[PDB]
Every structure is written in structure tokens, then in C-alpha cells.
$ cat input37.cif   # mmCIF, C-alpha atoms and all ligand atoms
data_query
#
loop_
_atom_site.label_atom_id
_atom_site.label_comp_id
_atom_site.auth_asym_id
_atom_site.auth_seq_id
_atom_site.Cartn_x
_atom_site.Cartn_y
_atom_site.Cartn_z
CA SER A 1 0.00 0.00 0.00
CA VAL A 2 1.00 3.64 -0.52
CA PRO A 3 1.12 6.11 2.41
CA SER A 4 -0.83 9.33 1.83
CA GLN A 5 1.12 12.40 0.75
CA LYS A 6 -1.74 14.84 1.20
CA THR A 7 -0.69 18.10 2.82
CA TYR A 8 -2.55 18.47 6.11
CA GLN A 9 -1.83 21.23 8.61
CA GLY A 10 -4.20 19.82 11.22
CA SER A 11 -5.17 21.38 14.52
CA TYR A 12 -1.67 22.64 15.27
CA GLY A 13 -0.97 24.33 11.94
CA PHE A 14 1.93 22.00 11.13
CA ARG A 15 4.17 22.72 8.14
CA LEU A 16 7.81 22.44 7.10
CA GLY A 17 10.35 25.14 6.35
CA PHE A 18 13.66 25.19 4.52
CA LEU A 19 16.72 27.43 4.61
CA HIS A 20 17.76 29.59 1.65
CA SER A 21 21.10 28.02 0.83
CA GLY A 22 21.56 29.14 -2.77
CA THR A 23 22.89 27.24 -5.77
CA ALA A 24 26.68 27.64 -5.67
CA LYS A 25 28.59 24.63 -6.99
CA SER A 26 29.93 24.11 -3.44
CA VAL A 27 26.50 23.88 -1.76
CA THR A 28 25.71 20.50 -0.12
CA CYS A 29 21.98 20.88 0.52
CA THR A 30 19.58 23.29 -1.14
CA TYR A 31 15.81 23.53 -1.40
CA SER A 32 13.76 24.68 -4.40
CA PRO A 33 10.39 26.18 -3.46
CA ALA A 34 9.40 26.28 -7.12
CA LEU A 35 9.87 22.51 -7.46
CA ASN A 36 9.12 21.63 -3.80
CA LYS A 37 12.34 19.65 -4.04
CA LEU A 38 15.38 19.24 -1.82
CA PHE A 39 18.72 18.59 -3.51
CA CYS A 40 21.50 17.18 -1.34
CA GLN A 41 24.79 15.33 -1.37
CA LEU A 42 25.12 11.79 -0.08
CA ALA A 43 25.00 11.54 3.73
CA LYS A 44 25.24 15.30 4.22
CA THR A 45 23.27 17.25 6.82
CA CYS A 46 19.84 18.42 5.59
CA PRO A 47 18.17 20.88 7.96
CA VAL A 48 14.38 20.74 7.88
CA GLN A 49 12.34 23.17 9.98
CA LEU A 50 9.13 22.28 11.77
CA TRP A 51 6.62 25.11 12.23
CA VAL A 52 3.37 25.12 14.19
CA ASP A 53 0.73 27.68 15.12
CA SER A 54 0.17 26.10 18.53
CA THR A 55 1.98 23.73 20.87
CA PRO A 56 1.14 20.06 20.33
CA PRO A 57 0.82 17.75 23.35
CA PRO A 58 3.88 16.26 25.04
CA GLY A 59 4.51 12.89 23.40
CA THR A 60 3.77 14.15 19.90
CA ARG A 61 6.31 12.74 17.42
CA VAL A 62 7.64 13.56 13.95
CA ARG A 63 8.11 10.73 11.43
CA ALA A 64 9.93 10.74 8.07
CA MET A 65 9.40 8.15 5.32
CA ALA A 66 10.39 7.96 1.64
CA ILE A 67 8.20 6.79 -1.24
CA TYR A 68 8.69 6.70 -5.00
CA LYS A 69 7.05 9.67 -6.70
CA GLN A 70 6.02 8.03 -9.97
CA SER A 71 2.71 6.18 -10.06
CA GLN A 72 4.26 3.04 -11.52
CA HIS A 73 6.82 2.82 -8.71
CA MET A 74 4.98 4.08 -5.63
CA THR A 75 4.21 0.57 -4.33
CA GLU A 76 7.89 -0.41 -4.12
CA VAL A 77 9.66 0.07 -0.77
CA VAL A 78 12.39 2.72 -0.88
CA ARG A 79 15.58 1.26 0.55
CA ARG A 80 19.35 1.55 0.29
CA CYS A 81 21.03 -0.21 -2.62
CA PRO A 82 22.93 -3.50 -2.32
CA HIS A 83 26.24 -1.65 -2.01
CA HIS A 84 25.30 0.98 0.55
CA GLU A 85 23.34 -1.34 2.82
CA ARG A 86 26.66 -3.21 3.33
CA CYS A 87 29.15 -0.36 3.72
CA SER A 88 29.27 -0.47 7.54
CA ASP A 89 28.61 3.26 7.89
CA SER A 90 26.38 2.60 10.88
CA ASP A 91 25.79 5.33 13.46
CA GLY A 92 24.84 2.70 16.03
CA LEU A 93 21.11 3.35 15.75
CA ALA A 94 19.93 3.37 12.14
CA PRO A 95 19.52 -0.01 10.46
CA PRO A 96 21.91 -0.14 7.48
CA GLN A 97 18.98 -0.65 5.07
CA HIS A 98 17.32 2.69 5.87
CA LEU A 99 17.65 5.53 3.38
CA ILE A 100 16.65 8.29 5.82
CA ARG A 101 18.49 8.92 9.07
CA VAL A 102 18.09 11.56 11.73
CA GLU A 103 21.47 12.98 12.68
CA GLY A 104 22.42 13.76 16.27
CA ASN A 105 19.24 12.77 18.09
CA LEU A 106 19.66 9.99 20.63
CA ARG A 107 15.89 9.56 20.88
CA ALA A 108 15.44 8.70 17.20
CA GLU A 109 13.69 5.39 16.58
CA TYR A 110 13.73 3.40 13.37
CA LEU A 111 10.76 1.33 12.23
CA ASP A 112 10.45 -1.53 9.78
CA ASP A 113 6.68 -1.75 9.25
CA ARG A 114 5.48 -5.33 9.73
CA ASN A 115 2.69 -5.01 7.18
CA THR A 116 4.01 -2.68 4.47
CA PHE A 117 7.71 -3.35 5.09
CA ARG A 118 8.41 0.36 4.68
CA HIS A 119 11.11 2.10 6.68
CA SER A 120 10.75 5.24 8.75
CA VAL A 121 12.53 7.28 11.40
CA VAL A 122 10.69 9.06 14.20
CA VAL A 123 11.73 11.53 16.89
CA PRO A 124 9.92 13.33 19.70
CA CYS A 125 8.46 16.71 18.85
CA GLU A 126 10.20 19.35 20.96
CA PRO A 127 9.82 23.12 21.37
CA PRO A 128 12.41 25.42 19.74
CA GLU A 129 15.68 26.32 21.43
CA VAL A 130 15.40 29.50 23.48
CA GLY A 131 15.39 32.45 21.10
CA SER A 132 14.16 30.45 18.10
CA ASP A 133 10.73 30.29 16.45
CA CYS A 134 10.88 26.80 14.94
CA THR A 135 12.50 23.44 15.59
CA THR A 136 15.07 22.00 13.19
CA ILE A 137 15.60 18.29 12.48
CA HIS A 138 18.78 17.22 10.68
CA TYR A 139 18.20 14.43 8.16
CA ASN A 140 20.69 12.40 6.11
CA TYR A 141 19.96 10.53 2.87
CA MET A 142 22.22 7.52 2.60
CA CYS A 143 22.07 6.61 -1.10
CA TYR A 144 22.28 8.57 -4.34
CA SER A 145 19.16 8.86 -6.46
CA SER A 146 21.18 7.05 -9.14
CA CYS A 147 22.18 4.02 -7.04
CA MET A 148 21.90 0.84 -9.07
CA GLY A 149 19.70 -1.76 -7.41
CA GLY A 150 18.32 1.01 -5.21
CA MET A 151 16.50 4.16 -6.26
CA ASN A 152 18.03 3.67 -9.73
CA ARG A 153 17.30 7.21 -10.96
CA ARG A 154 13.67 7.18 -9.76
CA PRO A 155 12.52 10.36 -7.96
CA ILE A 156 11.37 10.02 -4.36
CA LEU A 157 9.25 12.01 -1.96
CA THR A 158 9.88 12.39 1.73
CA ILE A 159 6.65 12.48 3.76
CA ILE A 160 6.89 14.08 7.19
CA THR A 161 4.05 13.32 9.57
CA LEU A 162 3.21 14.79 12.93
CA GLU A 163 1.74 12.00 15.11
CA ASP A 164 0.30 11.59 18.56
CA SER A 165 1.80 9.16 21.06
CA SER A 166 -0.27 6.29 19.57
CA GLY A 167 0.86 7.07 16.04
CA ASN A 168 -2.39 8.76 14.94
CA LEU A 169 -2.14 11.48 12.29
CA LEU A 170 -1.97 15.11 13.43
CA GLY A 171 -0.36 16.74 10.40
CA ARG A 172 1.47 15.98 7.15
CA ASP A 173 3.81 17.69 4.70
CA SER A 174 6.12 16.43 1.96
CA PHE A 175 8.86 17.31 -0.51
CA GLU A 176 10.68 15.67 -3.40
CA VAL A 177 14.33 14.72 -2.91
CA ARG A 178 17.25 14.24 -5.27
CA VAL A 179 20.46 12.94 -3.72
CA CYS A 180 23.25 13.89 -6.11
CA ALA A 181 26.86 15.00 -6.46
CA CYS A 182 26.13 18.64 -7.36
CA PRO A 183 22.88 19.86 -5.77
CA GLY A 184 23.52 23.50 -6.76
CA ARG A 185 23.91 22.71 -10.45
CA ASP A 186 21.02 20.27 -10.49
CA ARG A 187 18.67 22.72 -8.76
CA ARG A 188 19.59 25.41 -11.29
CA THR A 189 19.02 23.02 -14.20
CA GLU A 190 15.65 21.72 -13.02
CA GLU A 191 14.45 25.24 -12.19
CA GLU A 192 15.35 26.27 -15.73
CA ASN A 193 13.62 23.23 -17.20
CA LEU A 194 10.54 24.44 -15.31
CA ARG A 195 10.92 28.01 -16.59
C1 LIG B 201 2.45 31.49 16.45
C2 LIG B 201 3.30 30.38 17.04
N1 LIG B 201 3.55 30.64 18.51
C3 LIG B 201 4.42 31.90 18.67
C4 LIG B 201 4.09 32.62 19.97
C5 LIG B 201 4.10 29.45 19.30
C6 LIG B 201 5.61 29.54 19.50
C7 LIG B 201 6.06 28.45 20.46
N2 LIG B 201 5.67 27.12 19.89
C8 LIG B 201 6.14 26.01 20.80
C9 LIG B 201 6.42 24.72 20.06
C10 LIG B 201 6.19 23.50 20.71
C11 LIG B 201 6.46 22.29 20.05
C12 LIG B 201 6.20 21.06 20.72
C13 LIG B 201 5.94 20.05 21.32
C14 LIG B 201 5.62 18.78 21.98
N3 LIG B 201 6.33 18.63 23.23
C15 LIG B 201 6.14 19.43 24.34
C16 LIG B 201 7.14 19.49 25.32
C17 LIG B 201 7.00 20.28 26.46
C18 LIG B 201 5.85 21.05 26.65
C19 LIG B 201 4.85 21.01 25.68
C20 LIG B 201 5.00 20.21 24.54
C21 LIG B 201 6.93 22.31 18.73
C22 LIG B 201 7.15 23.52 18.07
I1 LIG B 201 7.89 23.58 16.08
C23 LIG B 201 6.90 24.72 18.74
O1 LIG B 201 7.09 25.93 18.12
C24 LIG B 201 4.21 26.97 19.55
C25 LIG B 201 3.74 28.10 18.66
ZN ZN B 202 23.39 3.37 -2.73
#
$ encode --input "input37.cif" --output "C-alpha cells" --more "lines below"
Ligand SMILES: CCN(CC)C1CCN(Cc2cc(C#CCNc3ccccc3)cc(I)c2O)CC1
Ligand SMILES: [Zn+2]
Amino acid sequence: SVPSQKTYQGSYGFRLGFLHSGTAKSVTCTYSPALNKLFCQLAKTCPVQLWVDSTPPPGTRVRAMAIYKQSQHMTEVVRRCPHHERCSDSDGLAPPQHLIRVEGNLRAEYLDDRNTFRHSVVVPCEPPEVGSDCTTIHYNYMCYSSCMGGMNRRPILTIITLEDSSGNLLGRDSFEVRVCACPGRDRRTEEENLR
């Protein structure tokens, strides 16, 4: 089955935000609002902001999951390729098969769904650091979009869901991702292809 990707702010006015990182050749993570698409290098830090209009209950959590974007591929589980799942680049918490990791959060949990077999990573929802207006989660994507036997050039979406302590839906947002060697160049190209 295919998880919903419908944008849903819910009772708390949940939505994502992204930094404005530009498109220099040196950039390692950059987001295109026009394409709703994040471009990043392999295993590099990707800051994603969480914004709400009101404070959700303690015990609320934030889950990230990847799916294939194209209709003819959406039912296939997104996972790391046969090379990367065996490269022993473990952080001690993430299963080596999982494409999406959360960086630097000791309370991250990783799920292999027993019915759909899909992977996800979930962390507790927390208020912003003192002085800040939003909370930032740092994600890593652990295969290239081009990885043979893995994504194999197929575009993916990341779906971020806000959940209660039971796992019930409180909010949802999503963005496309391309993991590539030169995110700046690729963002510029795709934005021009759209123009
Ligand atoms: C207009 C927005 N308005 C500005 C004044 C508010 C600014 C202040 N925010 C607070 C806020 C809270 C949470 C959370 C959580 C769950 N845990 C928890 C823990 C301890 C206690 C309670 C709850 C997430 C975010 I992201 C976040 O911005 C809510 C919105
Ligand atoms: Zn790979």
C-alpha cells in the first residue's frame, strides 16, 4: 500500500520550512520552493524546519518516510542499494537498510513496518531552542538517487508526519528529494527546465 502524501496542517498548523542556501557549486543541501524539491549530497546534513501555530501535546512525534514519486513505482519500498546497505557506515542506531536517518538525536527510533515493510525514522516533537521560532531536524539521505539496485534514478518524496503518542495522524507535509553529487547545479538546471 502507498502512504498518503496529502498536505494536512491539522489542529496545530503544522508545516515544514527550509533554509535559503543558494545554488553555488559548493552547496551541499539546497531547497527549491518552485519545485518543492530538496537537492542534497550523499549523507550530508539536511536541515528541515518544523513550524506550528500552537503547541502540540507532550509525546507528539515527527516521522519521516520515503516513497517513490512516480505512479508506476509508488508501491515499491524505498531502501538503500545492495552496495550501501553493506558499507558499515552505521551510526549505532539506524539499520543499514534505511535511506533516511536523523542525525544527532539519541531519541530517534527506526521502524520496519510489519505489514508494508516500509522504513521510517521518528523523533519526539520538541519546542524550539530559546530564542528560536521553529524546531530543526537534521536528516541524512544515505544513497544517491542514481544508485543501481536502489533508487536507480527514480525520484522520491519524503513524507513528514506529525503524530500523537499512539501514532495517529496530526499533520502531514512532503517534498521531493534528489540525492546527487552537485545539488547546486542540479537545482539550477531543473528550475530552468521548469521556466
Ligand atoms: C504562532 C506560534 N507561537 C508563537 C508565539 C508558538 C511559539 C512556540 N511554539 C512552541 C512549540 C512546541 C512544540 C512542541 C511540542 C511537543 N512537546 C512538548 C514538550 C514540552 C511542553 C509542551 C509540549 C513544537 C514547536 I515547532 C513549537 O514551536 C508553539 C507556537
Ligand atoms: Zn546506494
$ closest_atom_pairs --input "input37.cif" --of "chain A" --to "ligand LIG 201 (chain B)" --cutoff "6 Å" --atoms "only C-alpha atoms and all ligand atoms" --output "Markdown table"
| residue | atom | partner | partner_atom | distance |
| --- | --- | --- | --- | --- |
| A:50 | CA | B:LIG201 | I1 | 4.7 |
| A:51 | CA | B:LIG201 | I1 | 4.3 |
| A:52 | CA | B:LIG201 | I1 | 5.1 |
| A:53 | CA | B:LIG201 | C2 | 4.2 |
| A:54 | CA | B:LIG201 | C25 | 4.1 |
| A:55 | CA | B:LIG201 | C24 | 4.1 |
| A:56 | CA | B:LIG201 | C13 | 4.9 |
| A:57 | CA | B:LIG201 | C20 | 5.0 |
| A:58 | CA | B:LIG201 | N3 | 3.9 |
| A:60 | CA | B:LIG201 | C14 | 5.4 |
| A:125 | CA | B:LIG201 | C14 | 4.7 |
| A:126 | CA | B:LIG201 | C13 | 4.3 |
| A:127 | CA | B:LIG201 | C11 | 3.7 |
| A:128 | CA | B:LIG201 | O1 | 5.6 |
| A:133 | CA | B:LIG201 | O1 | 5.9 |
| A:134 | CA | B:LIG201 | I1 | 4.5 |
| A:135 | CA | B:LIG201 | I1 | 4.6 |
$ closest_residue --input "input37.cif" --among "A:137, A:78, A:170, A:67" --to "ligand ZN 202 (chain B)" --atoms "all atoms listed in the file"
A:78
$ residues_near_ligand --input "input37.cif" --ligand "ligand ZN 202 (chain B)" --cutoff "8 Å" --atoms "all atoms listed in the file" --output "list in words"
residues 80, 81, 82, 83, 84, 85, 142, 143, 144, 145, 146, 147, 148, 149, 150 and 151 of chain A
$ residues_near_point --input "input37.cif" --point "(8.4, -2.2, 3.6)" --cutoff "9 Å" --atoms "only C-alpha atoms" --output "VMD selection string"
chain A and resid 76 to 79 112 to 119
$ axis_aligned_box --input "input37.cif" --around "region 55-59 of chain A" --padding-each-side "3 Å" --output "lines of an AutoDock Vina configuration file"
center_x = 2.7
center_y = 18.3
center_z = 22.7
size_x = 9.7
size_y = 16.8
size_z = 10.7
$ atom_distance --input "input37.cif" --atom1 "CA of residue 182 (chain A)" --atom2 "CA of residue 93 (chain A)"
28.2 Å
$ closest_residue --input "input37.cif" --among "A:140, A:28, A:189, A:71" --to "residue 48 (chain A)" --atoms "all atoms listed in the file"
A:140
$ residues_around --input "input37.cif" --residues "residue 35 (chain A)" --least-positions-apart "4" --cutoff "10 Å" --atoms "all atoms listed in the file" --output "list in words"
residues 31, 175, 176, 187, 190, 191 and 194 of chain A
$ closest_residue --input "input37.cif" --among "A:154, A:195, A:63, A:6" --to "residue 123 (chain A)" --atoms "only C-alpha atoms"
A:63
$ closest_residue --input "input37.cif" --among "A:90, A:166, A:32, A:1" --to "residue 188 (chain A)" --atoms "all atoms listed in the file"
A:32
$ residues_near_point --input "input37.cif" --point "(13.8, 3.0, 10.2)" --cutoff "6 Å" --atoms "all atoms listed in the file" --output "number ranges by chain"
A: 98, 110-112, 119-121
$ closest_residue --input "input37.cif" --among "A:105, A:30, A:97, A:174" --to "residue 3 (chain A)" --atoms "all atoms listed in the file"
A:174
$ atom_distance --input "input37.cif" --atom1 "CA of residue 168 (chain A)" --atom2 "CA of residue 101 (chain A)"
21.7 Å
$ atom_distance --input "input37.cif" --atom1 "CA of residue 72 (chain A)" --atom2 "CA of residue 4 (chain A)"
15.6 Å
$ closest_residue --input "input37.cif" --among "A:152, A:136, A:88, A:7" --to "residue 46 (chain A)" --atoms "all atoms listed in the file"
A:136
$ build_atoms --input "input37.cif" --residues "region 127-149 of chain A" --atoms "N, CA, C and O atoms" --output "mmCIF file, keeping the file's coordinate frame"
data_model
loop_
_atom_site.group_PDB
_atom_site.id
_atom_site.type_symbol
_atom_site.label_atom_id
_atom_site.label_comp_id
_atom_site.auth_asym_id
_atom_site.auth_seq_id
_atom_site.Cartn_x
_atom_site.Cartn_y
_atom_site.Cartn_z
ATOM 1 N N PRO A 127 9.849 21.669 21.603
ATOM 2 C CA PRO A 127 9.820 23.120 21.370
ATOM 3 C C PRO A 127 11.170 23.647 20.882
ATOM 4 O O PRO A 127 12.201 22.996 21.054
ATOM 5 N N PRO A 128 11.165 24.817 20.237
ATOM 6 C CA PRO A 128 12.410 25.420 19.740
ATOM 7 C C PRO A 128 13.383 25.741 20.866
ATOM 8 O O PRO A 128 12.979 25.931 22.014
ATOM 9 N N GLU A 129 14.663 25.795 20.522
ATOM 10 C CA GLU A 129 15.680 26.320 21.430
ATOM 11 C C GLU A 129 15.302 27.746 21.806
ATOM 12 O O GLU A 129 14.663 28.454 21.029
ATOM 13 N N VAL A 130 15.703 28.161 23.004
ATOM 14 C CA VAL A 130 15.400 29.500 23.480
ATOM 15 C C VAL A 130 15.922 30.546 22.498
ATOM 16 O O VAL A 130 17.096 30.529 22.119
ATOM 17 N N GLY A 131 15.041 31.444 22.074
ATOM 18 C CA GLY A 131 15.390 32.450 21.100
ATOM 19 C C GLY A 131 14.964 32.121 19.677
ATOM 20 O O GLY A 131 14.985 32.987 18.811
ATOM 21 N N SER A 132 14.566 30.870 19.436
ATOM 22 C CA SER A 132 14.160 30.450 18.100
ATOM 23 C C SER A 132 12.643 30.288 17.965
ATOM 24 O O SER A 132 11.935 30.135 18.954
ATOM 25 N N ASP A 133 12.164 30.319 16.727
ATOM 26 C CA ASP A 133 10.730 30.290 16.450
ATOM 27 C C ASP A 133 10.261 28.957 15.868
ATOM 28 O O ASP A 133 9.054 28.717 15.748
ATOM 29 N N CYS A 134 11.211 28.102 15.503
ATOM 30 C CA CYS A 134 10.880 26.800 14.940
ATOM 31 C C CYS A 134 11.908 25.791 15.412
ATOM 32 O O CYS A 134 12.961 26.161 15.932
ATOM 33 N N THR A 135 11.580 24.513 15.247
ATOM 34 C CA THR A 135 12.500 23.440 15.590
ATOM 35 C C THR A 135 13.108 22.892 14.309
ATOM 36 O O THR A 135 12.447 22.847 13.272
ATOM 37 N N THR A 136 14.378 22.513 14.373
ATOM 38 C CA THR A 136 15.070 22.000 13.190
ATOM 39 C C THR A 136 15.467 20.536 13.429
ATOM 40 O O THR A 136 16.049 20.203 14.463
ATOM 41 N N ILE A 137 15.115 19.674 12.484
ATOM 42 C CA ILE A 137 15.600 18.290 12.480
ATOM 43 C C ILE A 137 16.648 18.166 11.383
ATOM 44 O O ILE A 137 16.505 18.742 10.295
ATOM 45 N N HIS A 138 17.730 17.454 11.677
ATOM 46 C CA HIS A 138 18.780 17.220 10.680
ATOM 47 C C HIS A 138 18.656 15.812 10.125
ATOM 48 O O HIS A 138 18.834 14.836 10.854
ATOM 49 N N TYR A 139 18.326 15.720 8.842
ATOM 50 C CA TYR A 139 18.200 14.430 8.160
ATOM 51 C C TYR A 139 19.419 14.135 7.295
ATOM 52 O O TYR A 139 20.106 15.056 6.828
ATOM 53 N N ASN A 140 19.683 12.844 7.086
ATOM 54 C CA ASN A 140 20.690 12.400 6.110
ATOM 55 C C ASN A 140 20.027 11.435 5.139
ATOM 56 O O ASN A 140 19.229 10.592 5.559
ATOM 57 N N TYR A 141 20.388 11.521 3.863
ATOM 58 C CA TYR A 141 19.960 10.530 2.870
ATOM 59 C C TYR A 141 21.160 9.710 2.450
ATOM 60 O O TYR A 141 22.178 10.263 2.018
ATOM 61 N N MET A 142 21.041 8.386 2.559
ATOM 62 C CA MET A 142 22.220 7.520 2.600
ATOM 63 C C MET A 142 22.484 6.725 1.316
ATOM 64 O O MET A 142 23.291 5.788 1.323
ATOM 65 N N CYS A 143 21.784 7.086 0.244
ATOM 66 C CA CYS A 143 22.070 6.610 -1.100
ATOM 67 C C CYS A 143 21.860 7.742 -2.088
ATOM 68 O O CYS A 143 21.106 8.678 -1.817
ATOM 69 N N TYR A 144 22.528 7.654 -3.240
ATOM 70 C CA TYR A 144 22.280 8.570 -4.340
ATOM 71 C C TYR A 144 20.992 8.184 -5.057
ATOM 72 O O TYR A 144 20.622 7.011 -5.116
ATOM 73 N N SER A 145 20.315 9.169 -5.628
ATOM 74 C CA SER A 145 19.160 8.860 -6.460
ATOM 75 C C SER A 145 19.496 7.877 -7.581
ATOM 76 O O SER A 145 18.637 7.110 -8.015
ATOM 77 N N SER A 146 20.748 7.890 -8.026
ATOM 78 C CA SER A 146 21.180 7.050 -9.140
ATOM 79 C C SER A 146 21.614 5.637 -8.756
ATOM 80 O O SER A 146 21.946 4.844 -9.638
ATOM 81 N N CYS A 147 21.620 5.308 -7.467
ATOM 82 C CA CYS A 147 22.180 4.020 -7.040
ATOM 83 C C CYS A 147 21.532 2.831 -7.722
ATOM 84 O O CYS A 147 20.326 2.611 -7.615
ATOM 85 N N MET A 148 22.355 2.055 -8.418
ATOM 86 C CA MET A 148 21.900 0.840 -9.070
ATOM 87 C C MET A 148 21.418 -0.189 -8.053
ATOM 88 O O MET A 148 22.066 -0.433 -7.039
ATOM 89 N N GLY A 149 20.274 -0.802 -8.331
ATOM 90 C CA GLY A 149 19.700 -1.760 -7.410
ATOM 91 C C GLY A 149 19.000 -1.097 -6.237
ATOM 92 O O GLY A 149 18.464 -1.772 -5.366
#
